[PDB]
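Inspection log for the structure reproduced underneath, given as structure tokens.
Quick note on labels: first sequence line is chain A, next is B, and so on, each numbered from 1. No hydrogens, no waters, no symmetry mates; every other heavy atom, side chains included, goes into these values.
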Amino acid sequence: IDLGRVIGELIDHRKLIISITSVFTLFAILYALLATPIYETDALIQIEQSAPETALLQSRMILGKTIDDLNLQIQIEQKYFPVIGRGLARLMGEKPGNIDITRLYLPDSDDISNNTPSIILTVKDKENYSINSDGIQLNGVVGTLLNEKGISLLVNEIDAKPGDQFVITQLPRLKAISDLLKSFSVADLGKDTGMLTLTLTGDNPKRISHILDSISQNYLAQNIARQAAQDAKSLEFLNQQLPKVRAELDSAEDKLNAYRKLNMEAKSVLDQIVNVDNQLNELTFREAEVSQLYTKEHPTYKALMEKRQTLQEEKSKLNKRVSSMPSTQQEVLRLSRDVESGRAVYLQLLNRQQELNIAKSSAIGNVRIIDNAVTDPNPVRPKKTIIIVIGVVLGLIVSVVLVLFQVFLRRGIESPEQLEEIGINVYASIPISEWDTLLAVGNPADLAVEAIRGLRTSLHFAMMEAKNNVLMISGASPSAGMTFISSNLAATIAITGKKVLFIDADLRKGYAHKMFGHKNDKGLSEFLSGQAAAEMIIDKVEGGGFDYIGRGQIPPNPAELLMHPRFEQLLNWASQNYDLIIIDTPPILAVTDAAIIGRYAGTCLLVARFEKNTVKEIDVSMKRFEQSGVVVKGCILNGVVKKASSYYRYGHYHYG
Amino acid sequence: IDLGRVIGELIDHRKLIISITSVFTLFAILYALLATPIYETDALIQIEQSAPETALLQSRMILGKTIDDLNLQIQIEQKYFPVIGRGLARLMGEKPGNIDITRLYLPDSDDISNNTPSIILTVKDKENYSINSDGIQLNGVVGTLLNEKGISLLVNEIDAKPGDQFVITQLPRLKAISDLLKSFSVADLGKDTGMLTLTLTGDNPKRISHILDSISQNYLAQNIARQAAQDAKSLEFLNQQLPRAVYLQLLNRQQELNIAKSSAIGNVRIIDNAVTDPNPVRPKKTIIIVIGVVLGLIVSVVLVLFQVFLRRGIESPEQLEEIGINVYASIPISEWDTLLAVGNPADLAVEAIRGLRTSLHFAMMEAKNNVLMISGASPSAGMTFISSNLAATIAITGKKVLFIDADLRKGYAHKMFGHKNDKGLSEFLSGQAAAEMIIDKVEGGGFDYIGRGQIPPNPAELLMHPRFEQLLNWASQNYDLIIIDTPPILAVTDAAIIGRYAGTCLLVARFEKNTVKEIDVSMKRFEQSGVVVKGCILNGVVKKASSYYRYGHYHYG
Ligand SMILES: Nc1ncnc2c1ncn2[C@@H]1O[C@H](COP(=O)(O)OP(=O)(O)O)[C@@H](O)[C@H]1O
Ligand SMILES: Nc1ncnc2c1ncn2[C@@H]1O[C@H](COP(=O)(O)OP(=O)(O)O)[C@@H](O)[C@H]1O
Ligand SMILES: [Mg+2]
Ligand SMILES: [Mg+2]
């Protein structure tokens, strides 16, 4: 191949190329403009090693401590119904809403799969709101806590417009730890120094900085505990307190065994209290530790008793509910409470004993925060430019390969050279006429009619020394242009003052009578079957100037009629009253009518359609005519259009 | 391919090559002369390690301290409307202005995007100025501080000419830290030495040196505070432990801790305070210009090679003669509504046409009659030009010539000869005229002609009338030569109808427009209609250095 071919093919398929590339680039643009941006924050820590510190920072202990501090197990998502509502809302300048939640406890359905309970909160105003878990509508108010139907909720400072909806999920603690750990990274950045670089990525530019600050504070507090833990009495306090609790736990277990040897509400309110007790105990430890390493007027410490206030209020409401259930199940719950309270505290103290050991045996005495966490205002993802470039390049690659397949899979004719290589004379090339009437009469100045005049002058020289004045037009496949060519050629030969007869011998799908204006009675069939004479079948074209014979009524045995000798009698009679006779026939590959007629025709031409037919089809038609004893003079290419890749140039342009 | 061909192609396209390369080089010059210069300053620090000190130097605490000290959060820009105003103003040697601002507070609009409040200050004199936020015009004066509409401002020492405008931005502290960081670099250069090279690049040759000095001072004063502290912690502990030999022992230890606190010089030492290299490091003008010139050359050469491989027109008669087509002449462009063979009888094109005339005088013997038909493949190839001038030159030799304009669709011969447009060829063929009212005399010629007449609606069908052959037979007895001009053969079929009665037929191929394919198709289409084409005439030739086919198209006399 050569570059001229490929350039021509590209120019010809430019519309497809442009469409595909535009679609791919549009998809890339929309993706890069709708993807939620991802911000990144960092901090710098000074270590007085650093590999065990790297391992310890990403441990479940410290991250879990941070989550318990910041209530990261409460997931809040602004609701947009489509997969693109969020992006457009950001683009429209709409301010994303947020709600501050300080207490959430769902009834914890805890089925086989959905371990994460979730509810939907709809904003009604700046004060009240609606809540639905499974369609059950409840109304709540900012400020006052809600304790209904095994659902505990505390909403503060709703910042949104009315009508907004938010999904509230209570995801499990380990899930929150895993989510935090996925997006959190630690590095040394020097491979030897006491410098640690902490990095965190997330979609909220403020939340991630707060989280990273909390992580740094927790780690520093853990190491600063080391220096003060050796002389601390908490070690001896825990060493003595733990055996006492275990006996209480064991005694609680033993009592529970004696009473044993399932009310839904009673079980739920039991879970209500146990959750409250857990938060109260851990907060009590947290308040102690914060009071030691921080001050009371610190906002963190101010947060502590406020949450402690809420927990006591929730417990008070729970006990009032417990006061309302019958004592029969109350005894079971009180036994159930103590066992779980014992287990929870025993678990809590075991960590406390473990954590206190963690402080003491720490080789790195001094840990310093050089740079507190800040967030880079430029999002790190998505990287818009690379996405757009990849989209454009992908569009170009797929367009080019698609064009190469379409080029390599075409087999139709493209230029008369393909036919002339085989040894077939092409007598004309007719272009597509963009214009049920004769073209050679409606628009005599059309390009196609000019090409047909060229064909007329070719024939006037070819059809000399022919055995008679009968010309047959046929073709390989239907809808190639046989009737079009034949009728228009008849018109153009008629306008020069010669008597022309057009015979529509397509006894299967002929419609020439429609295109000429007709008296459909007494066509060719009626003559061939013997029930008409030769004079009632000939009609005059109105806008033409030549006579015609229509097919007539469709017979059931077309090919058998054409073999009757009356057909040759008709041709011999007509050949003395007309200067030219043009016969239209069905395709030769489909049926055999053309080969029957061709015995009586002095000249025979095939019509090959430009892009549809193949060289093989035309060769096969040539040979099939040969076998039946019909000599084909040549071919006529029809329906040509301008192709830049052709590099073969017709005169199909207006001159006048 | 060979070297001669490519050299010729470059010689021929030299105009395009020079134009493209010069444009690229001009843009390179403009960029290298208008880009804002960037200066670079450096300093050298000695470390008494060196891996964590790099990270501590680029920390937000030290850079933030520097920014707070030198107020890097007040950004001042001289205003030039275009992306080239600053560069041009520098080129005329105009001194940029500067303003000292020591206190600034904007209302902090802080919308979703524009977190950076800004104002525009227009200097009116050495003392007063106008301030606009969003059209809110205020007047301020150097010295007195301003607090109006939630804007606090203090300007000192305006150094500019009146009428200048300055954009004043109060960017957030973190943005200033990031901006400082991106232009600040630290390297070790020894991988073990206590040597650190600090580098800072910026547009102001003095401001960057001040900033780097401030950074070094902050880092150094921070470092000694670390060593002094651990001594100070030890000194504080000993003082707090004071309750007589032990009493003197602690006092002596206290003095040792006092002297160790004051003798601060420690791990960090400033070898070289920052200085600025006066030659800007960017833009690197020479490499920019070299890249521009090379890019121009490469794109020009690729464009020329592209055009060469996509060229398809005829270039020399050898291309036609390979196929087996006799080329009887080659006519060049005549750079000179009149017959060329009369206006400028000594033109080069008329010389080539005389060569064609002598070729014909030998080709047209043994022709069945004395009729010559000139046709072509595509329109505006030169058929009318060639036919008319050939008639003129053959007429000046004393032979009777008849010129027929059988282009019944767009023939304009009557215009070019001076006309009585009535009774053309159409009127004769349709039967509404006789053979004698149609023949007209050319004034500056010497031959008769027949114009087309009125454009008919059925040109090709008229030409089939036997009256046309009657006219030719009659005229062939009263003239020595008959020339017939015809429409192209690819467009319409008129030429192939006419060619039945012509003894000789020639094609005209236009030099670069037509290709060999059209000429071959035209020959074959003439053959199918029973018309034998004698040969071809190449028209419109111009000099190509790449040709290596070389004509007699030069003056001799
Ligand atoms: N060059 C052409 N320009 C415009 N229409 C054409 C051309 N060739 C064929 N056609 C139209 O396409 C249709 C199929 O051609 P037709 O000859 O009637 O069928 P068939 O070849 O099977 O006998 C017809 O409507 C015809 O008018
Ligand atoms: N070698 C030439 N030098 C100068 N002008 C030419 C030359 N060949 C053709 N032309 C001019 O360019 C125009 C196109 O030629 P023309 O013969 O009129 O078209 P056509 O061949 O279709 O009849 C004409 O105006 C002609 O005078
Ligand atoms: Mg048909
Ligand atoms: Mg002309």
Side-chain angles (χ1 to χ4, degrees), chain A residues 427-460 481 483-498 500 502 515-517 541-546 582 610 636-642 649-656, chain B residues 375-381 383-384 405-413 424-432 451-465 468 485-499 522 525 529:
Chain A
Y427 278 84
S429 308
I430 302 299
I432 283 289
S433 179
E434 305 284 356
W435 199 80
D436 61 326
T437 178
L438 262 190
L439 180 59
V441 180
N443 187 12
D446 192 342
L447 299 197
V449 176
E450 303 289 356
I452 285 173
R453 293 194 177 92
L455 174 64
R456 167 188 64 189
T457 69
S458 290
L459 284 195
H460 180 288
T483 313
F484 174 75
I485 293 285
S486 313
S487 66
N488 292 319
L489 175 60
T492 64
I493 296 186
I495 63 189
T496 82
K498 305 179 71 177
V500 170
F502 179 92
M515 182 179 72
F516 299 167
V541 189
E542 39 178 7
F546 55 100
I582 300 180
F610 173 56
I636 299 171
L637 199 61
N638 180 6
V640 185
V641 292
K642 182 63 70 177
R649 305 170 317 131
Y650 291 159
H652 304 151
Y653 45 75
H654 183 65
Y655 177 89
Chain B
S375 173
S378 51
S380 77
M383 294 163 260
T384 308
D405 192 15
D407 183 348
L408 296 186
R409 319 202 172 204
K410 294 179 57 180
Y412 62 86
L425 185 54
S426 311
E427 288 67 2
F428 169 78
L429 281 182
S430 64
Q432 53 180 347
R452 56 160 167 75
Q454 292 310 322
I455 302 185
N458 50 321
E461 290 74 16
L462 273 177
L463 294 167
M464 295 180 123
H465 199 292
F468 187 79
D485 190 17
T486 59
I489 188 54
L490 290 192
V492 306
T493 189
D494 292 331
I497 298 171
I498 298 171
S522 296
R525 181 166 312 179
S529 296

So, do [X] and [Y] sit near enough that their side-chain heavy atoms are less than 4.5 Å apart?
X        : Y        : value
A:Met515 : A:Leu438 : yes
A:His460 : B:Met464 : no
B:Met383 : B:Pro487 : no
B:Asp494 : B:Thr486 : no
B:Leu490 : B:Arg525 : yes
A:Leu439 : A:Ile452 : no
A:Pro431 : A:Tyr650 : no
A:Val449 : A:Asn443 : no

Option among A:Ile485, A:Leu637, A:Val640 that satisfies the side-chain contact (heavy atoms from CB on, under 4.5 Å) test with A:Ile430: A:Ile485
Rounded to the nearest 0.5 Å, how far apart are OG1 of B:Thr493 and CG of B:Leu463? 9.5 Å
Could you tell me which non-hydrogen atom of A:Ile495 sits nearest to which non-hydrogen atom of A:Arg453, and how far apart they are? CD1-NH2, 4.5 Å
So which atom in A:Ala451 and which in A:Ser429 form the shortest heavy-atom distance, rounded to 0.1 Å? CB-O, 3.7 Å
